[PDB]
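Below: one structure, written as structure tokens.
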Amino acid sequence: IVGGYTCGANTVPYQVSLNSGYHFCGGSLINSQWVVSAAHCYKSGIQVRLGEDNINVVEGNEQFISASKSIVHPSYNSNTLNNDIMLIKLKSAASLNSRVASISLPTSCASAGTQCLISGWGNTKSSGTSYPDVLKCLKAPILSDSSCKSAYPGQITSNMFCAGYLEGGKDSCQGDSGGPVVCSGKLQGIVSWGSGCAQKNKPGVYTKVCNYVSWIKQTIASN
Ligand SMILES: Cc1[nH]c2c(F)cc(Br)cc2c1CCN
Ligand SMILES: [Ca+2]
């Protein structure tokens, strides 16, 4: 996250770190057994880390649970990033509490101008590279479809939205991938892609979660 703030320990209790020897992506806990992330975060050997603040220090509220199965969306295209969503099932159910909690799925899509909270352990620099230890947060509005398409001609599908600031300076970044965009208490987005981080006229692009709720629910129901 570039231009954000330190969230505070366990204040984003649905935020997960995906670890394969090291943090490589975020995700969102959606019930005791399932995490939502980005399809471009797929790899094998994933351990889900819940209750994290400093990802380099065991502080006492973590739960470390290996993935038993990952399911990349059937229509994910890795060239265009269309349908950039994945589900990860945990080998055992997480223990839910104030600091480890699921985030509700949307019942309808969100509107331009809605305020959202984006969070992650990604790069905090727009030029250069610095990776934080503690969770970072950014409040950012959803941008109009027309602004989003103007920023990225020919690249924005019906499964994507932009959020952030056209002036630059505040954005998600590398390593925030797969993490949450939460708006009015619902998981509306997944950190997906962009051109650089926090660059003028290049806001972040996010998977439009509301288009996937039927698939998420029926996947969970049979897996
Ligand atoms: C999700 C993602 N991953 C990135 C990456 F690996 C390198 C760079 Br430069 C940008 C990004 C973004 C977009 C952030 N709005
Ligand atoms: Ca920790």
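Chain lettering (A, B, ...) mirrors the order of the structure tokens, residue numbering begins at 1 for each chain separately, and ligand numbering begins at 1 in order of display.
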
Please extract the residues at most 6 Å from ligand 2, counting only C-alpha atoms and all ligand atoms, and provide them as a list in words, using the chain letters and residue numbers of this document.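 Final answer, ordered by chain and number: residues 52, 53, 54, 55, 56, 57, 58 and 59 of chain A.
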
Distance query segment 81-87 of chain A at most 9 Å, only C-alpha atoms, self and fewer than 2 positions along chain excluded, as a PyMOL selection string = chain A and resi 34-42+69-79+89+156-160+178+190+192-193+206-209+212+216+219-220

query: If you count only C-alpha atoms and all ligand atoms, which residues end up within 8 Å of ligand 1, as a PyMOL selection string?
result: chain A and resi 126+171-178+191-198+203-205

*asked:* Under the rule that only C-alpha atoms are counted, which of A:43, A:139, A:49, A:149 is the nearest residue to residue 114 of chain A?
replied: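 Among A:43, A:139, A:49, A:149, it is A:139 that comes nearest to residue 114 of chain A.
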
Residue with the minimum atom-to-atom distance to residue 12 of chain A, picked from A:116, A:103, A:88, A:162 with only C-alpha atoms counted, is A:103

Counting only C-alpha atoms, which residue out of A:218, A:1, A:16, A:48 sits closest to residue 99 of chain A?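 Of A:218, A:1, A:16, A:48, the one nearest residue 99 of chain A is A:16, counting only C-alpha atoms.
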
Residue 188 of chain A surroundings by only C-alpha atoms, 10 Å radius, close-in-sequence under 6 positions cut, as a PyMOL selection string = chain A and resi 104-110+116+142+161+180-182+206-211

Need to verify the contact set: residue 98 of chain A, 10 Å, only C-alpha atoms, exclusion of same-chain residues closer than 2 positions in sequence. Can you return it as JSON, numbers by chain? {"A": [10, 11, 12, 13, 14, 51, 96, 100, 101, 102]}

Determine, counting only C-alpha atoms, which protein, DNA and RNA residues have an atom within 9 Å of an atom of residue 131 of chain A; residues of the same chain fewer than 3 positions away are not included. Present the result as a ChimeraX atom specification. /A:121-125,175

Residue subset to file, keeping N, CA, C and O atoms, as an mmCIF file, in the first residue's frame:
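out.cif, written as the output of this step:
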data_model
loop_
_atom_site.group_PDB
_atom_site.id
_atom_site.type_symbol
_atom_site.label_atom_id
_atom_site.label_comp_id
_atom_site.auth_asym_id
_atom_site.auth_seq_id
_atom_site.Cartn_x
_atom_site.Cartn_y
_atom_site.Cartn_z
ATOM 1 N N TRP A 121 0.168 -6.078 2.923
ATOM 2 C CA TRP A 121 1.593 -5.993 3.260
ATOM 3 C C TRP A 121 2.450 -5.745 2.013
ATOM 4 O O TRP A 121 3.642 -6.061 1.980
ATOM 5 N N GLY A 122 1.856 -5.158 0.981
ATOM 6 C CA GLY A 122 2.601 -4.829 -0.219
ATOM 7 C C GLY A 122 3.557 -3.659 -0.084
ATOM 8 O O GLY A 122 3.646 -3.006 0.963
ATOM 9 N N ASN A 123 4.278 -3.422 -1.173
ATOM 10 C CA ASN A 123 5.253 -2.320 -1.290
ATOM 11 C C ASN A 123 4.614 -0.981 -0.896
ATOM 12 O O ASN A 123 3.474 -0.699 -1.274
ATOM 13 N N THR A 124 5.345 -0.162 -0.136
ATOM 14 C CA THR A 124 4.868 1.160 0.280
ATOM 15 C C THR A 124 5.479 2.307 -0.528
ATOM 16 O O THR A 124 5.166 3.460 -0.285
ATOM 17 N N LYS A 125 6.309 1.986 -1.516
ATOM 18 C CA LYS A 125 6.907 3.029 -2.375
ATOM 19 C C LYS A 125 6.363 3.016 -3.807
ATOM 20 O O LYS A 125 6.169 1.950 -4.397
ATOM 21 N N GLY A 175 2.367 -7.145 -3.894
ATOM 22 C CA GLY A 175 2.259 -7.826 -2.618
ATOM 23 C C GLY A 175 0.945 -7.616 -1.903
ATOM 24 O O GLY A 175 0.634 -8.360 -0.968
#

From chain A, collect each residue whose DSSP state is strand (DSSP E or B) and return the set as a ChimeraX atom specification.
/A:2,5-6,15-19,23-31,34-37,47-50,63-72,86-90,97,100,104,115-120,136-142,160-163,171,180-183,186-193,199,202,204-208

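Minimum atom-to-atom distance to residue 117 of chain A, evaluated using only C-alpha atoms, belongs to A:138 out of A:143, A:46, A:138, A:65.
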
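Taking atom CA of residue 111 of chain A and atom CA of residue 135 of chain A as the two end points, the separation is 26.4 Å.
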
Give the helix (DSSP H, G or I) residues of segment 28-152 of chain A, as DSSP finds them on the backbone, and put them as a list in words.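 DSSP on the backbone gives helix (DSSP H, G or I) at residues 39, 40, 41, 145, 146, 147, 148, 149, 150 and 151 of chain A.
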
Counting only C-alpha atoms, closest pick from A:136, A:23, A:129, A:30 relative to residue 8 of chain A is A:136

So how far away is atom CA of residue 24 of chain A from atom CA of residue 164 of chain A, in Å?
->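 Taking atom CA of residue 164 of chain A and atom CA of residue 24 of chain A, their separation equals 22.4 Å.
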